[PDB]
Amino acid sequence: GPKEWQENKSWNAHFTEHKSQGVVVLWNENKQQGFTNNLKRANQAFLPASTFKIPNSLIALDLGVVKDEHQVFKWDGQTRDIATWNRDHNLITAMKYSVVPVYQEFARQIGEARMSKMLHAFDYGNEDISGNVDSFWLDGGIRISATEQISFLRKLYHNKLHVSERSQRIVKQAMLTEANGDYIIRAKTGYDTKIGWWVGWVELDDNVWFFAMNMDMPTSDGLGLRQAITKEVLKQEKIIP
């Protein structure tokens, strides 16, 4: 009979088209079935990089470190290399522009003891916060696979994580990336200088498709391939037009 996970290697064409290597993982919520071009890489655990902004946001909201999605976190006045980081931000814009320094301040306020306890409650990856509490997701010991990202995102979608419903609703709002009459995408990018991520889901009228992709990213010039390759898979599968 049918399997929980199927391999579709035809999606490899979308990686080889760009001389790139990686994995796309899809989960059809109605059918309770998953699909990927590479089951082994789908289960390989990597640093989450800025995809960690999802759980970090949830913890900061639930503890009151972030009061709501409108609270302003003033620029600290240090000019950094990414121009969009050199301004005031709220939770919405800090997630949109992947503003590391804002989330580093959240993490310090959360603190190591509460961060570790909450990642255990979330069943998040290897739950390991070794390194600094304000950088472990960029250069520390935490590791999560694409299928683990799907599992976490499905709990978030269903308000099943061990934080308040309010915190989960706010973070799902902050994840909003694209919407039109055909679909809604809620997602988060990540990049660690070695691999790039895009994780999230596509809401349709009568189904949800969760996705998690990562790919080798030797330079930042290819960052747009995260979304472009994912969308080629979504188009091939008739999920988006």
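Sequential numbering from 1, following the sequence displayed. Each form is matched to the other, and the largest set of C-alpha atoms that superpose within 1.5 Å is called the rigid core.
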After core superposition, the stretch with larger RMS C-alpha deviation in 5 other deposited structures of this protein, comparing 188-196 and 171-179, is 188-196
Comparing 53-61 with 22-30, the one whose average Cα B-factor in the PDB entry is higher: 22-30
Average Cα temperature factor in the PDB entry - higher stretch of 69-77, 105-113: 69-77
Of the options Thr193, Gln173, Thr189, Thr177, which has the highest CA B factor as deposited? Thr193
Ranking the modelled residues of this chain by C-alpha B-factor as given in the entry, is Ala94 in the lowest, middle or highest third? middle
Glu148: CA temperature factor from the record, placed by chain third, in the lowest
Going by the entry, which third of its chain does the Cα temperature factor of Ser164 land in? middle
Grab the CA temperature factor for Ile129 from the record and place it in the lowest, middle or highest third of its chain. middle
Sorting the chain's modelled residues by C-alpha B-factor and splitting them into thirds places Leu138 in the middle
